[PDB]
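# Geometric and topological summary
This is what each chain is made of:
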Amino acid sequence: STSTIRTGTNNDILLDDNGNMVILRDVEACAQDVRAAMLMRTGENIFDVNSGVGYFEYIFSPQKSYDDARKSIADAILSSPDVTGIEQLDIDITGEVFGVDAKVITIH
Amino acid sequence: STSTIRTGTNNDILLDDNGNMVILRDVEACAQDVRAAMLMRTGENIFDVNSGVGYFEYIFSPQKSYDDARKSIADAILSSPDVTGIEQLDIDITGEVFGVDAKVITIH
Amino acid sequence: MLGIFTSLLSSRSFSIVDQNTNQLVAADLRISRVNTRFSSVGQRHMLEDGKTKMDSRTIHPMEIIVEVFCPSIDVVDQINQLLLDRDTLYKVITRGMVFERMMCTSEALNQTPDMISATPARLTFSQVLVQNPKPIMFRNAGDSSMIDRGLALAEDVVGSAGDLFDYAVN
Amino acid sequence: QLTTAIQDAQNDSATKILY
Amino acid sequence: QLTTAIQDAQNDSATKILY
Amino acid sequence: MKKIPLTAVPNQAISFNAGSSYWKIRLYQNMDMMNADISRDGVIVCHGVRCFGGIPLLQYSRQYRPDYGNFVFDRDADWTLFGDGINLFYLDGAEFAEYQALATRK
Amino acid sequence: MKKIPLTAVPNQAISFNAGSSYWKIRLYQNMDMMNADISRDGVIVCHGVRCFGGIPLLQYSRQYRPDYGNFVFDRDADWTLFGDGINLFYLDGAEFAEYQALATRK
Amino acid sequence: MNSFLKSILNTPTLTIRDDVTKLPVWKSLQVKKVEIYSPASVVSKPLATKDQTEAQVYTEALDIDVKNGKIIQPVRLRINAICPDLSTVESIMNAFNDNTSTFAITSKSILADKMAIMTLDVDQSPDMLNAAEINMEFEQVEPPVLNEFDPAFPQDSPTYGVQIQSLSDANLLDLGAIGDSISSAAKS
Amino acid sequence: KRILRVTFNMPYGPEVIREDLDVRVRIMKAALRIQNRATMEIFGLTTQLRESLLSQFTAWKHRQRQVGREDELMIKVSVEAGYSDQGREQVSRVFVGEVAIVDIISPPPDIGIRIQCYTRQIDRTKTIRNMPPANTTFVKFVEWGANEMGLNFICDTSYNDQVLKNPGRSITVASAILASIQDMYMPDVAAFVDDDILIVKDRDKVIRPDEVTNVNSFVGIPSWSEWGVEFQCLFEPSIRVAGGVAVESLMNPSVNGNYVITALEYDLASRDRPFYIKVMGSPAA
Amino acid sequence: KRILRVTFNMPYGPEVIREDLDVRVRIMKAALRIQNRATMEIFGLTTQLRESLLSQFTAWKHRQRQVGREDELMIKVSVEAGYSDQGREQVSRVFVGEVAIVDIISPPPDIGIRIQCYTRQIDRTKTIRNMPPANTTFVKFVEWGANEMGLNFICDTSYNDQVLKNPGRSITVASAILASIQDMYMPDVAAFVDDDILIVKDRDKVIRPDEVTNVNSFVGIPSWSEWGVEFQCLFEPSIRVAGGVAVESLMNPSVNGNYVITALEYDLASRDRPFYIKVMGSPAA
C-alpha cells in the first residue's frame, strides 16, 4: 500500500486548506509517484545513479532508434512500487514533440 | 447413498398425509439435490463462500461469452454427491430466456 | 465445440484472465492454434505368472501450448511480464474449456523476414497441481482455522520496562 | 544409497549417557 | 556396489558363537 | 524485553522457548476483541484471556510467579496490524516486577 | 469400552491386541444369523457363537475369567450395516463385571 | 460409402462402456483411427539346455522353461477422434482427472476390457473451428483373468482377514456399561 | 488406488500428510536388536507446513538446554498404507517411530524434505527407572524390560526357564535393554521391537501359528537364498515381521512350504511405481 | 572367443556352467588375511538347474541340525577362464572357494541368480584338531597352520628363524589361523591363501623369481600409485597373486621396472565387454 505526500504540478509539497500535509494512498499515490519518476533525469540519485530516464542519451539526442528510450521509460515506470507492468506505451514522434503515453496496470 | 428430506417446488419441507417427514434416497434424492444446488447464488454459504452458481457475475450480466456461466453450472451440478458427471448440458439463449437443460448421469 | 448457444455475433474466443483481480491480460494476442495436452502415468507391475497389474494412476499436470502472433511491442512486453510473473496464477479460456491455476512455463518469440511487423510467439503454460482443487473458505473474519507457526526463537530488543510503560500511557 | 546407511550408523552411536 | 561390501562385512562369524 | 513475532492472520498459535520455559500462545479474534490461550511447559495456564494494551496477559499471581515473566501488548490487540504496528513483548521476572511497580502507582 | 471397527463383508477375520490379550474374531454369515469363531493368544476359545444384541460373545465364565473381558453387540449382528449402525464393543474385566451386574437384574 | 450398412459380426462401432455401470459413455465421439498395441517380453540371455535325455522328457521341460521365460505386457489403444460437443470433452477430461476409472473399449471386433486413460490431447486449430481433434490413449489395468471365485451369495464368500491394530475407545452418549445397557435395552 | 498417510503427533494434533502430495517411504524392519528405519521423502510442502514440521523436529533442548522429562521431546510419527477401491479401505499400520534426521533432497521449484525415523528413538529415557532383577529367569527379565520400555510383550521361547546372575546391570538406557536381551542367547532367539510390541521368540518359530499368510501372487519370482525363501510382493496389509508365510509358487515349484519372516523391505511411493514389500523368510519349525 | 566355466562340486558330480549362458564373475583377491571374494551372476538357469544348485546352497544343517563332519557341508566351486582360438585352449583357474550367499538380481523373464563365494569358507572346521606349538619358530608355526588347514605352503621370509613364545592358542577355528599368522609380524610379511596354496612371505619378495611376467600391452595406461604401479590388462592365464611382473610401458616411460603383485581384480563377462584383470603392484626387492 503505497503512500505519498501531496504535490502539485510544480512538484512542490502542496498543503490542504487547513495547512496540513495530505498523504495519498494506493491509486493516486502510485500515479503521482509514476509522474515524478518519469521526470527524473538519469544520474540524479547520489544513491542510485543508474536509475532515472535517459533524457540526454536516448531522448533529446540524434538517436537512431527510440527503442532505448522506450526501454528507459519502461524501467522508470516499473521502478515505482506496486506497478506490476505497463499495458501500453506509445512513443509517438510529432514534428518536435516526443509524445509518450503510458497505461500502467498498478495493482491498486 | 444420498438421502434428503422431501421438499416441494416452494423449496420448503412439505409433509406427507400423516404429518411425517419423508427421506428420499438414491435417484430422487440426487435429483432434488441437483435442483436445489442449481438455485443457490454464490456467496450464500458462509462456510464455503466460493460455492454456488454465479447468477450475477456469470449470468444476468452484459458479458462477452457465457463459457464462465456453463463452467459455474457444471461445477454446481458436480458438487452434489453421487453425480459423477454430466452427460449433456444446454446453455440455450432465447430472446430473454437463459434456457439450461442438464442430463446428470448420477450413479445409483 | 458446441454446448452453448451464445446467439451473439461478437463472442471472444481466447481469454487469459488473471485469477486475482479478475482482469484480462495480453488482450491483443492473435491466437492461431492451441494444444491442451493432458498426461498421466501407469504403474505396470509384472508379477510371477505372465501378467502385469497396472496398480493405480497418477495425474500429471496439464500442459497447454498456444501459438500466437503478437502485433505490438506492448503486447510482447506483456508476454514477457507474464513469463516473469511468478506470483499470479492465470486462467485460460480457449473455447468453452476453462483451465484455472495455469502458470507460464515457456515462451519463444520468433523474428523472421517472413513477418516484419508482428512477431510469432509460442507460449506454453503448465497447470499447478493442488491437493484440494475446491477449497473451503469462510465469510466472516472470526472463524478461521488456527494456523500454527511452530518454534519461533523470540528475538531481542533493548527498551526496558519504562519505555513500554510510557508507550502504554500514551 | 550409502548416505542413508551412514546416517543409520551415526544414529546407532547416540545414547543418553556421555560416558 | 555397496551391497557386496555389506555382504562381505558379515563373513566374520565362525561356528563359535562363543557366547 | 522480547517482542514475540506475529503474523497478520485472525486465529493463530505460536510456541517458543522464552525465559527458560516452553510458552505457547494462541491468539484468536473473538467478536470485537482478541482472546489468548496461554500454556507453559505443556499444561494450560489460562484460556480466553481478553487482550488489551499495556495490561499483562497473565493477570493472576499464581501464573507468573515466580520470575516466570509476563506478556504485554503495547496497544490494544488487533490482528490486522500484527507485525506492522502492534507487537507483543515478553518480560522476565525482574523486568515484569519493575513494570508492575511502575504500573501500580500510575 | 473399546469400539472395534468392522467391515461390511459377509465373512471376515479381525485380529487385535485388546486388554493385554490377543484376540481374533472370525465373523461369518451362517444361514440367517451371524456366527463368530473367537481365539485368544492363538488357542481357540469358542466356535460358532450365535451373535445377538446385548448378549456377550464369551458366555461361560472360564472364557472371560479372570478379568479377560468380553465382546458385546449393540444390536443384532448384520454385516450389511457393519461399521455404520452396528458396532462391536470390547469390555475389560471391570467393565464387563459392571455390565454383568447391570444385566443380571434387568 | 453408405456407412450405415455396417457388418453384422464385424461392425465398425467403437463402444466405450464403463465397467462400473455398464453403460455406453462418450457417445457422439466420431472416431478416426484406432491402433491397438499388444507387446510382450521374451528372454534375452541364452537359456540353458540339458540334453542327453529322452524324447518327450526334454519336451515338457522346454515347455515349462518357455512358459516361464516370457512376460506379457498390457494392451494399449490410441484412439484418434473428433469431438463435436463440449459435453463429451468435459466428460472426457473429468474421467481422465478421476483416479479411479475403468472402461471397456470395443473396436471393430476387439473387446479390450479394464482400460484406463493414460494421455489425452485436445487440439484446436483454425481448420476445425467447430469441434476439436482429440487423441486419447488407453492402457489395460488388468488382463481379463477369469475369476473362478465363490459367487452368487453373501455367504460362501472367502474369509478376508483385516488385521486391525488399535481399537478406539468410544463416542456418542455412552457412559461405559450403563450406556451400553441403555443402548441395547432401547431395542434399536 | 494406493492410499498412504504419514501421521505425525505434535502439540497442535495429528497433521496427516496424505497421498496427494508426492510421498516416498522406504522402511526396512528386521528381527534384530537394531531399530527398524524409515526414510521419508515428502515433496510439495508449503511454507506453513515446513515451519510447523521441521522447526519441531530438532536435536536440541536436550543437550544445550533441559526441556525434557517425557515424550514430546521428539515427534512420534506413524505410517498407514494400503489400497482402496469401491469405497472400502485397507489402511493398515506399517511403521511407528520418532524422527532423528531431517534434510532437503530436492531444491526449488519443488522443496522436498527427507526425514529419517527410527523405531524406539525415545532412548532418552529415565536412564532405567527400575532396577533389573538381581537373579531371575529369562522370561521375567524380558517382562522387566518390556515394562521398563512401556511396551506389551510376546515372550514365546524354550529358554524362558533359565536363570541369570546380574541380567543387565551395566544397562545405561532403555534402548540397551533390547541389545541385552539380544546379546544373551544369540544362536536363534533374537528379540526385537515391532511397532509397540516387544517380541522375544526363537528364530525358527512363528509368533502366530494361526496367522499364516497364504501367498500365491509374487512380483518377479519367489527364489531361494542361503537361509530360506526371498520374494517381493505387492502391498498386502496382513504381512508383519516374524509372521508365518505359506508360499505357493508357480515359477519355482520347490520353494513351496511354510516359512517364518526375518526381514521386511517396504517401499511405498504414492506418485511413483515402487509400491512393493520384500520378504526374507526362513524355514519354519 | 572367450571361454569361461563355473565348475561346482556336488554329490552328483561337477556341473560345469559354460560361457553360452550369460555369466559374469567378479573376483577380488589380495595379499591379506581376508578371504578373497567371487561374485558371480549367472542368468539363463533352467528350473531343474536352479533346483539342483540353489537347494544345495544353504546355511542350515549346521545351525539348527547336525548333518556335518567334513566337506560336502558347503559346495566348493572353481572358476576356469581363458581364451580359445584355432582349436587351442587357455583355460586356467582363477578361483576356488565355497558359496556363502544366494540371491536373484534380475527378475523374469531372465531369472538370473547372483551367488557369493569366499575362499576357504570351511571356517567351521574341526575346531583345531592338533594343538599349536608351545614354543617354536615362525616357519614351524606356519607349517602347523598349513597342515591343519590341509593346504600346501610356500614359506619364504627372513622371520622364519624367530622363536615365538606361545604362538596362537587363543585360536578358535581353522580360519583364525591365517588371521594370527597375519597378526604377528605385520609391517611387511603378510600371509594369505591363493586357491589351495598358503603363501607366507615378505611383501617385497616374489613367490617365484623365475616366473616373472613381462607385460607390454595394457588397457588404458599403466599409472603410478602410492606404493607402485597400477594397471589393467586383458586376461592372461599366467598372472597370479603376489607374482612377479616386468611392466614395460609406452604411454608412461617412468613406470618401467620389476614389480610384485599385491591385489588382483578379475572381471570376466562372457556375454559383455568387461574381461579385464586389474593389478596393483609394488616395487620388488
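In case you missed it, the structure is sitting above this.
Residues numbered from 1 in each chain as written, not as in the entry; some residues may be left out. Chains lettered and ligands numbered in written order. Part of a larger assembly, values for the part shown. Heavy atoms only, no water.

A separate point is the overall build of chain A. Broken down by element type, chain A carries two helices and four strands. Reading chain A from its N end, one meets helices and strands in the order β-β-α-α-β-β. The buried share among the 108 residues of chain A stands at 25%. By sequence separation, contacts in chain A at least 24 residues apart represent 30% of the contacts at least 6 residues apart. Here chain A has roughly 7200 Å² of accessible surface; of this, 52% comes from carbon and sulfur atoms. Charged side chains in chain A number 8 positive and 18 negative. The centres of these two groups are separated by 3 Å. (Helix = DSSP H or I, 4+ residues; strand = E, 2+ residues; numbered from the N terminus. Buried < 20%, exposed > 50% of the residue type's maximum accessible area, 1.4 Å probe, protein only. Contact = heavy atoms within 4.5 Å. Areas by Shrake-Rupley, 256 points an atom, 1.4 Å probe, with all protein chains shown as cover. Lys, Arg positive; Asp, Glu negative; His and termini not counted. Charge placed at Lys NZ, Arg CZ, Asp CG, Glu CD.)

Attention now moves to the packing of aromatic side chains. For the structure on display, the rule yields 39 aromatic pairs over all chains. On the numbers, 5.8 Å between centres and 55 degrees between planes, the contact of E:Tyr19 with I:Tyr185 is tilted. Placement of E:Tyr19 in the segment after helix 1 (2-8) and of I:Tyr185 in the loop between helix 3 (175-183) and strand 13 (190-194) is noted, with the two residues assigned to different chains. Taking the relative accessible area as the measure of exposure, E:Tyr19 reaches 61% and is therefore exposed. Arranged with centres 5.3 Å apart and planes meeting at 55 degrees, the rings of I:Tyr83 and I:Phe275 form a pair that is tilted. Of this pair, I:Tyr83 sits in the loop between strand 5 (76-82) and strand 6 (84-85) while I:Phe275 sits in strand 19 (residues 275-283), and the two are 192 residues apart along the sequence. (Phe/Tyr/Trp six-rings, centres within 6.5 Å; stacked < 30°, edge-to-face > 60°.)

For the rest of this paragraph, the subject is a nonpolar patch on the surface. Residue and element names in this part refer to chain B. On the surface, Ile-5, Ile-13, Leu-15, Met-21 and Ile-23 cluster together into a nonpolar patch covering about 400 Å² of accessible area. Relative to the helices and strands, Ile-13 resides in the loop between strand 1 (3-5) and strand 2 (23-25). Here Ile-13 falls in the partly exposed class, since its relative accessible area comes to 36%. (Patch = residues over 30% accessible without salt bridge, like charges linked within 9 Å, V, L, I, M, F, W, Y side chains within 5 Å. Salt bridge = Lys/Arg side-chain N within 4 Å of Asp/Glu carboxyl O.)

This brings us to the arrangement of the chains. No other pair among the 17 pairs of chains in contact exceeds the contact count of chains C and H. The two units chain C and chain G are non-contacting; their minimal C-alpha-C-alpha distance is 23 Å.

What follows deals with the packing of helix 2 (residues 67-79) of chain B against helix 2 (residues 86-97) of chain H. Viewed as axis vectors pointing N to C, helix 2 of chain B and helix 2 of chain H meet at an angle of 50 degrees, and their least axial separation amounts to 13 Å. Of the possible angle classes, the one that applies to helix 2 of chain B and helix 2 of chain H is oblique. The element helix 2 of chain B and its partner helix 2 of chain H pack so that their crossing is right-handed. On the side of helix 2 of chain B, the interface is formed by B:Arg70, B:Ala74 and B:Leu78, while helix 2 of chain H contributes H:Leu86, H:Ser87, H:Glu90 and H:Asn94. A per-class count over the contact of helix 2 of chain B with helix 2 of chain H returns three nonpolar, two polar and two charged. (Axes fitted to C-alpha atoms, helices over the stretch in contact; angles between N-to-C directions. Parallel < 35°, antiparallel > 145°, perpendicular 65-115°, else oblique. Left-handed = near helix turned anticlockwise from the far one by under 90°. Nonpolar A, V, L, I, M, F, W, Y, C, P; charged D, E, K, R; others polar.)

On to the pattern of salt bridges. All chains considered together, the criterion is met by 40 salt bridges over all chains. When the shortest N-O distance is used, the salt bridge between A:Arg41 and A:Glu44 registers 3.2 Å. A:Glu44 sits in the partly exposed class, given a relative accessible area of 39%. Notably, a salt bridge pairs G:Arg26 with G:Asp37, separated by 2.8 Å at the nearest N-O pair. On the criterion of sequence distance, the pair formed by G:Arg26 in strand 3 (residues 22-30) and G:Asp37 in strand 4 (residues 33-40) is long-range, its members being 11 residues apart.

Right, let's get into the nonpolar core. Judged by nonpolar contacts, the single largest core of 113 residues is most densely connected at I:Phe8, J:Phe8 and J:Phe57. Take this core: its biggest share by element is six residues, from strand 17 (residues 259-269) of chain J. Counting 68 residues, the second largest nonpolar core, distinct from the first, contains C:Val25, C:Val66, C:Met97 and H:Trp26. (Core = buried A, V, L, I, M, F, W, Y, C linked by side-chain atoms within 4.5 Å.)

Moving on, we come to the sheet that holds strand 1 (residues 2-4) of chain G. All names here are of chain G. With antiparallel pairing, three strands are arranged side by side in an open sheet as 1-7-6. Since the sheet does not close on itself, it has two edges, and those belong to strand 1 and strand 6 (70-73), each with one partner. Here the average twist between neighbouring strands, direction ignored, is 35 degrees. Of the strand pairs in this sheet, strand 1 and strand 7 (residues 88-91) are connected by three bridges, and their pairing is antiparallel. Bridge pairing links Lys-3 to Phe-89 in strand 7. Along the sheet face, helix 2 (residues 93-103) touches strand 6 and strand 7 and points at about 110 degrees away from the line of strand 7. (Pairing = 2+ DSSP bridges.)

Cis geometry is adopted by the peptide bond preceding F:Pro66, which originates at F:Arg65 and carries an omega value of -10 degrees. Phi is positive for A:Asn11, which is not a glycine, with a value near 65 degrees. With respect to the element layout, A:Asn11 can be found in the loop between strand 1 (3-5) and strand 2 (23-25). Even without a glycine there, the phi angle at I:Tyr185 is positive, about 60 degrees. Looking at I:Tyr185, the relative accessible area reads 8%, which means it is buried.

Right, let's talk about the side chain of H:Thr88 for a bit. Residues and elements named next belong to chain H. Tracing the backbone shows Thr-88 in helix 2. By relative accessible area, which is 6% here, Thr-88 ends up buried. Looking at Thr-88, its side chain comes within polar contact range of the main-chain oxygen of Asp-85, at 3.0 Å. Setting aside residues up to four positions removed in sequence, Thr-88 forms contacts with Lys-27, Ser-28, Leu-29 and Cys-83. (Polar contact = N/O pair within 3.5 Å; in protein donor to acceptor, adjacent residues only side chain to side chain.)

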